[PDB]
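Shown next, in structure tokens, is the structure this report addresses.
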Amino acid sequence: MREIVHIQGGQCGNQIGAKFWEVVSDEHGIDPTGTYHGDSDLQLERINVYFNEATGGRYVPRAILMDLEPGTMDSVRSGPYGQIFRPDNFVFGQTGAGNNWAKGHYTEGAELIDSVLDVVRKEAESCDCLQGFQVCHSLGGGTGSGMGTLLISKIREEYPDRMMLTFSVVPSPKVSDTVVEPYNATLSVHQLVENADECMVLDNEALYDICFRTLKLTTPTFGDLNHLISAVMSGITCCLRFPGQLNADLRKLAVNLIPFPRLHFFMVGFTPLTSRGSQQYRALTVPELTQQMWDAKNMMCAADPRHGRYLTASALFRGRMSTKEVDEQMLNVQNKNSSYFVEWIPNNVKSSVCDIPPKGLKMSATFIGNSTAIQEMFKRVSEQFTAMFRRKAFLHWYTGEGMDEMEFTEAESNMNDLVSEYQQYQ
Amino acid sequence: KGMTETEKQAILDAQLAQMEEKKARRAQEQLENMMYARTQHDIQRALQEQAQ
Amino acid sequence: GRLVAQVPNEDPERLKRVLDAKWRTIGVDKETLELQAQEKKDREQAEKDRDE
Amino acid sequence: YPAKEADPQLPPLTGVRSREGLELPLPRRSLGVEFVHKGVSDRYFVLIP
Amino acid sequence: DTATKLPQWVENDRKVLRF
Amino acid sequence: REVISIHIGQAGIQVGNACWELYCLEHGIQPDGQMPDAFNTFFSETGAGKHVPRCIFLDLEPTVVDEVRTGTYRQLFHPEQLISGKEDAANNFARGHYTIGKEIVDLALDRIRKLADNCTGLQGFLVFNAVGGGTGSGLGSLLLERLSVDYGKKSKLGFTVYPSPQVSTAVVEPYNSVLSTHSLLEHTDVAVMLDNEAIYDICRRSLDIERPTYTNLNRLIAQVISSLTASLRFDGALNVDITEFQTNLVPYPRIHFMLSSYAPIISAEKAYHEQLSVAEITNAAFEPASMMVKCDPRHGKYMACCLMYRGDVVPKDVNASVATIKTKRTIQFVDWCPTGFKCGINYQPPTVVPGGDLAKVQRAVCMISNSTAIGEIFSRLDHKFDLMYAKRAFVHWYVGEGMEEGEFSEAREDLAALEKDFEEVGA
Amino acid sequence: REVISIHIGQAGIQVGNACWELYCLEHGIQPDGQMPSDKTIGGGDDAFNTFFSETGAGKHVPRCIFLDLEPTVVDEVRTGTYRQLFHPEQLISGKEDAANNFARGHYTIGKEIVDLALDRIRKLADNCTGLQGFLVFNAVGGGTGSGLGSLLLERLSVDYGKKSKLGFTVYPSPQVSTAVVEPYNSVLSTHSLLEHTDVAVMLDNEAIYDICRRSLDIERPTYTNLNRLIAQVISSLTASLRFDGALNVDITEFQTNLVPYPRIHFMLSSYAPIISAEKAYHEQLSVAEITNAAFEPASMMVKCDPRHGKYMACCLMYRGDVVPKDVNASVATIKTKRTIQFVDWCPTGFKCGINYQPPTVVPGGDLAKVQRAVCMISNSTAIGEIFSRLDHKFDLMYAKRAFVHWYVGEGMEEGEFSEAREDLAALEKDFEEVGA
Amino acid sequence: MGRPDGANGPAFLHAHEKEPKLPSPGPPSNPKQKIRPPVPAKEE
Ligand SMILES: Nc1nc2c(ncn2[C@@H]2O[C@H](COP(=O)(O)OP(=O)(O)OP(=O)(O)O)[C@@H](O)[C@H]2O)c(=O)[nH]1
Ligand SMILES: Nc1nc2c(ncn2[C@@H]2O[C@H](COP(=O)(O)OP(=O)(O)OP(=O)(O)O)[C@@H](O)[C@H]2O)c(=O)[nH]1
Ligand SMILES: Nc1nc2c(ncn2[C@@H]2O[C@H](COP(=O)(O)OP(=O)(O)O)[C@@H](O)[C@H]2O)c(=O)[nH]1
Ligand SMILES: [Mg+2]
Ligand SMILES: [Mg+2]
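Chains as they are written, first to last, in the authors' numbering: chain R2, 1 to 426; chain 4T, 264 to 315; chain 4R, 2 to 53; chain 5F, 246 to 294; chain 6U, 80 to 98; chain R1, 2 to 37, 47 to 437; chain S7, 2 to 437; chain 5S, 49 to 92.
Structure representation (structure tokens):
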């Protein structure tokens, strides 16, 4: 019935996608060879949303891997759960953007997007009723951000009535991978604020702090970070794949979170996240979930919420729970910290419950809060952009690809009046 | 004056037999689909053999 | 009744109850009350077992 | 279209009780006890009409 | 391969009992 | 003497999942559909040894619907009954009233037509919906509008679920509640309010369940529905039909918002120590600690009161208790009503379900009142609607679906007109 | 009482193959051609005489001619199961197709096949004794069923004339089509389907597809289920001649009660209960709901909306467990209902008829065996609606002179395309006049 | 089946291209008619 097709862009997108499909695959009990091996019947009926039965018990994911270099694809194809994708869905190029957004949006997209559009269009008409598209990419790289941005633009031009999720990682100065990060981020966000329905903002600095403090892991590889992001994505669309006492689809969460069409950058959390040594001393009650859920040191973004106002918020719960305890905790959290919530909207929290927990756990949660502390991060990028742009550093690379200067002026204007309207509603 | 309850009961049990037969045909179609899959897996194994 | 009338107006079991003024004033089915109390206790113990 | 044989059909008057009779017709009569009436005896009371 | 029931006139054409 | 029950929304058919479980248990109907004439008001004896209920579970998201199709009652419900769309309205009244309703209500109406044709002595309709969502509110409103142009004067008992004031699960439910009420006024014959926080307090205090899920809420809501339709089903000493509620509880055609209550909602073990009688449960049906709607009738004046009694009850003591209430001065009636009560007595005691939490009780009372506390509820909701509408919050969704702001302004002033009307009647 | 059945074209003979299977299963006739019993509960003995003529001794040969230009399906039939059932000469096969060409079918290969067809039907009729009439089965979308169908109809009318001719025709759906020039074909066929057939019953395919999707819940239906339902409809409407019942009607009753004017004869068909084996055991089958379902437009074989139109007169055949009491009750309920409205020039607009034998089921079919059934055949202005919907798409293509050279090449003049357009316009005008 | 390859090229955005325009609030075109007559007046 309802369908979610998955698009992975770039290196970060492809490795997030690999772990994401690994997580979903045993959420539904299917082995890495592509057959069913689960026990409950409740896993069978809701894999039409993500897979396609091919021939004699073969479930292939509904994904489109997309980049310019085969390094990420082969890193994907090597590990387990890598031999499940259809080889027709791998679109690749022979050049490489090289963290050049102009290359990822004007030169290489010009000859790859035709074939990317054909494969996503085939994977969209192969089903009956689209629920939405789901893209995972970065905002620092070229082939992830740039091409993912162009694809988002073309898709929203084609299918304007369907939902659209964007899991995008943004940079920080402490974790500063690309030198032209502001030049990529500013232009990509300038596109996401007119094309994407909603964007779930991630960043690696907060993920490092989480695996440092909370998980108390010694050496957190990228696999674990990608596992955090995948568990978030799983928590987002658990209500589509599993029956609950209070259902919540993606469009239902969108309308409840977004009061104005431009304020759609969400900060995300996940609970429970506890160290293996401290799992013994805790209990498992909804208070024990919400006390960790609303922590500023558990958001997956570098935006401290107590610096601003929570505009709206949402919580997706998984497990056999008592709604009276759910709603009372939501009410209490709203009544104690009453200054951090906006005044002209009463009862700022959407809440929903699903009956199927992730395997091995008794209870879990996922938080999607749309706060106004996100303009911290956008200014933190905007000042860097105009700092470089006063001296026109690194600009020849972008200009040579046919991008003019007015594209940068419009990008900065969109960034500036956007944070102006967050500051207004704060 | 209408039909007798014995005739109605006969019609009902015949309908039950019809239901059973539809279920039997469904199982038959599942079996033929399995039979169609097996031969094609053998064909693909032969293709791999020839490639090697 | 004003709509539907299954019972007689002099039915003995109904009359035996209504006439027993104590049963009208206070009525219990102690056996079922015991069974339901044990059912509640068993559900609580099942919850605690699941958590364990 | 394989060769097929239709289901056998019943006679149209099956399941009907015969008019052969059990020495007494079908419609049940009045059932009642025996009682001496006032004065004359041997009278009959219909308990169930 | 099932035989059919012929008419009596064609199934017993020239068969004649003789006493 | 039949009444059919339509269920509009996620909460609707969760309530239906509890109600029809209760009916089948009360009439001995096994879940596969047969008994091992009282049932005739809800079921139709189909074919031979089969009973198919009189209802339509209709919804837009298929999740809970085909949950019912795979649940225990696969065989009991006719397959066609369970109407289901493909995509959700998603808490969007405009989406559920103009986008998807246009394709689903024609199928739903043409099913409800042949249900009424199979019927012979139709008493009324009774609808189930929570006005917070988009399906239960949007196409629920479109269904009632088209049902009233189809029939007009037929009694449609609406057992709606309003959003509670402080506890809430959505953000747009004020917009949905207001746009839904402008049709709940002029198209529902009698409407019964049911907030969720009041039922939470009941399950916390009385049934001493510290963690109540929605199944316990729907269980006792089924008990209340069972108690006010038991006059149709089970033969009582002094029964009252579905037409009496219109006659004796609606003093003005625009004032139909009945507070509900029930007693005794009492647990297994506490019942051992409670001298359960008729006089104190008639009392117990009148305190705000046992009502189904979070309001305080001490601030209100009772228009009228209806009292359904079940079990071992004679007209004597109900006349004694009703006399007692009318002499008390803690609660006060309106002067214009000089005979503000209406009693009703039924023989069949209420049932218990396996896994249920209510004790096997020999007598019970279900009250259905009318006061001005409801007038307090609407204004309490009207303010928090005007808060969010002062900044044009969330409006772009509805306007994108095809509406305008005139519906918002006209529904706002309609609520204000209703407030004036309630403050005029209370005087 | 005997009725003969001719089939023209591909769809025609496939519907007829289905019909003849159904007839054999009803009457207990082995595919060999002999009835191995004399029990025949039915309505009486000599029931088969209306379809199968008893030959020789213990042998029954159908009263039908399948005829086609392409030999493929005719010799598929010849090689199939009922070899020993049909007379070898009754099946008639050309050598090449008409190929979706009205002119090719009407002037090029008709002139060789129709004389043989007619002098075969003549001896069939002569063998017959109390002939009721002919019933033709064709599709107007194709070439054979269109062109030589009309040729055969013209020749039958000039040979016999006063005998009834029931045409169960297959029309093109609004959007579903397996051809392109079928609008041209349909217009050229209707020019003669108007004034040669006496009672013409349309069947679209999209309506039957919708029916099979909704009621019989088959998600993947082929033409076999369509043909089985059409055979059932034909059997239900001829059961009155076949078996005896409480209130019988012959073929001569349709021309009397359903044709108020000699030009307005186009009948919506319907059937109920179209119900699967699971929905049988869960819905209770009474006469009231099936009479209501026979008029609900989700159960008609022609895709049209009678709420836009007004009924002229309707005919209701009942099969099985029916006494007149409930049928009169249901018809009074229907007449008092107001969602449908009758034309004022006809105050009493119903003709009921009842037969006692219940409908039979073919093993392998998807219809359950039921107590009773209803075959509705009405008359309305949804048909003029359908005709205009078709005229629009005909005129679309004719404005640009598309595909015309084929027909002009095959001996059809350009003027014909103008007078058939005018005929259809006049027919529309007549319908619009009469509906008021 | 999409557009040919040459026409799939990108175009550039602007400041407020995709944000929707919400018109002025005004009385609707199909107002809600009143079936149930109003409550009477207290003084009469
Ligand atoms: N009493 C009760 N209320 C419920 C239950 N489930 C949901 N609700 C109420 O339903 C309201 C939201 O609407 P839902 O019924 O959940 O969903 P909906 O009405 O179908 O609207 P959509 O989500 O768009 O389909 C919430 O305010 C809940 O209070 C339930 O099981 N019992
Ligand atoms: N109901 C039904 N319609 C059919 C069937 N077979 C073909 N048709 C219809 O027939 C129409 C075309 O005419 P055909 O019968 O296929 O071919 P034809 O009429 O013999 O004309 P030629 O192909 O030139 O010989 C198509 O629109 C089909 O929808 C069938 O088995 N059942
Ligand atoms: N979470 C996560 N982020 C990654 C991973 N690999 C790279 N990134 C992020 O991706 C950004 C660089 O983008 P890049 O991968 O070069 O994009 P591309 O070159 O267009 O494919 C950096 O900010 C990294 O933080 C990973 O395995 N996990
Ligand atoms: Mg819902
Ligand atoms: Mg042909």
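Note that beta-carbon positions come from the ideal geometry of N, C-alpha and C, so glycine has one too.
9 Å Cβ cutoff, residue i in contact with chain 5S
{"i": "residue 191 (chain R2)", "result": "yes"}
{"i": "residue 150 (chain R2)", "result": "yes"}
{"i": "residue 414 (chain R2)", "result": "yes"}
{"i": "residue 405 (chain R1)", "result": "yes"}
Where the beta strand (DSSP E) through residue i begins and ends
{"i": "residue 134 (chain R2)", "result": "129-138"}
{"i": "residue 2 (chain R2)", "result": "2-9"}
{"i": "residue 97 (chain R2)", "result": "It is not in any beta strand (DSSP E) - residue 97 (chain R2) carries neither H nor E in the DSSP assignment."}
{"i": "residue 166 (chain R1)", "result": "166-171"}
{"i": "residue 309 (chain 4T)", "result": "Not the beta strand (DSSP E): residue 309 (chain 4T) falls in the alpha helix (DSSP H), residues 268-314."}
Below-9 Å beta-carbon distance, residue i vs any chain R1 residue
{"i": "residue 46 (chain 4R)", "result": "no"}
{"i": "residue 49 (chain 4R)", "result": "no"}
Continuous alpha helix (DSSP H) stretch holding residue i: start and end
{"i": "residue 432 (chain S7)", "result": "417-435"}
{"i": "residue 16 (chain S7)", "result": "10-28"}
{"i": "residue 102 (chain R1)", "result": "Neither: residue 102 (chain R1) is in no alpha helix (DSSP H) and is coded neither H nor E."}
{"i": "residue 296 (chain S7)", "result": "288-296"}
Below-9 Å beta-carbon distance, residue i vs any chain 4T residue
{"i": "residue 55 (chain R2)", "result": "yes"}
{"i": "residue 240 (chain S7)", "result": "no"}
{"i": "residue 91 (chain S7)", "result": "no"}
{"i": "residue 360 (chain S7)", "result": "no"}
Residue-level contact to chain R2 via CB, residue i, 9 Å cutoff
{"i": "residue 303 (chain 4T)", "result": "yes"}
Rounded Cβ spacing between residue i and residue j (contact assumed at less than 8 Å)
{"i": "residue 161 (chain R1)", "j": "residue 203 (chain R1)", "result": "The pair is not a contact, with the Cβ atoms about 24 Å apart (cut-off 8 Å)."}
{"i": "residue 150 (chain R1)", "j": "residue 9 (chain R1)", "result": "4 Å"}
Proximity test, Cβ basis, 9 Å: residue i and chain 4R
{"i": "residue 135 (chain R1)", "result": "no"}
Minimum Cβ-Cβ distance from residue i to chain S7 less than 9 Å
{"i": "residue 84 (chain 6U)", "result": "yes"}
{"i": "residue 329 (chain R1)", "result": "no"}
{"i": "residue 73 (chain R1)", "result": "no"}
- Message: Which runs of the alpha helix (DSSP H) at least 4 residues long sit entirely within the region 330-409 of chain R1? Give them in chain order.
- Response: If we require 4 residues or more, the alpha helix (DSSP H) runs fully inside the region 330-409 of chain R1 come out as 383-399.
| Residues within the region 15-45 of chain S7 neighbouring chain 6U, beta-carbon criterion of under 7 Å | Listed by position along the chain: 33, 35.
* Asked: Taking any Cβ of chain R1, which residues in the region 312-326 of chain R2 have a Cβ under 7 Å from it, in chain order?
  -> Those would be 312, 322, 323, 324, 325, in chain order.
Enumerated in chain order, which unbroken segments of the beta strand (DSSP E) with a length of 3 residues or greater are wholly contained in the region 333-410 of chain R2?
-> Fully contained in the region 333-410 of chain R2 are the following beta strand (DSSP E) runs of length 3 or more, in chain order: 349-354, 364-371.
Which residues, in chain order, does the region 277-304 of chain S7 contribute to contact with chain 4T at a C-beta distance below 7 Å?
Correct list: 278, 279, 281, 282.
Problem set entry | Sequence ranges, alpha helix (DSSP H) only - wholly within the region 213-279 of chain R1, length at least 4 | Runs of the alpha helix (DSSP H) inside the region 213-279 of chain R1: 224-243, 253-259.
Residue ranges of each beta strand (DSSP E) run of no fewer than 3 residues wholly in the region 218-296 of chain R2, ordered along the chain?
Runs of the beta strand (DSSP E) inside the region 218-296 of chain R2: 265-271.
Any C-beta of chain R1 within less than 7 Å: which residues of the region 343-362 of chain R2 qualify?
Here the close residues are 344, 345, 346, 347, 348, 350, 351.
Pull out every residue of the region 101-118 of chain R2 whose Cβ sits closer than 9 Å to any Cβ of chain 5S, in chain order. So the close ones are 105, 106, 109, 110, 111, 113, 114, 115, 117, 118.
Notebook entry, point to check: At what residue ranges does the region 138-162 of chain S7 contain a whole run of the alpha helix (DSSP H), taking only runs of 4 or more?
Noted result: Runs found: 150-160.
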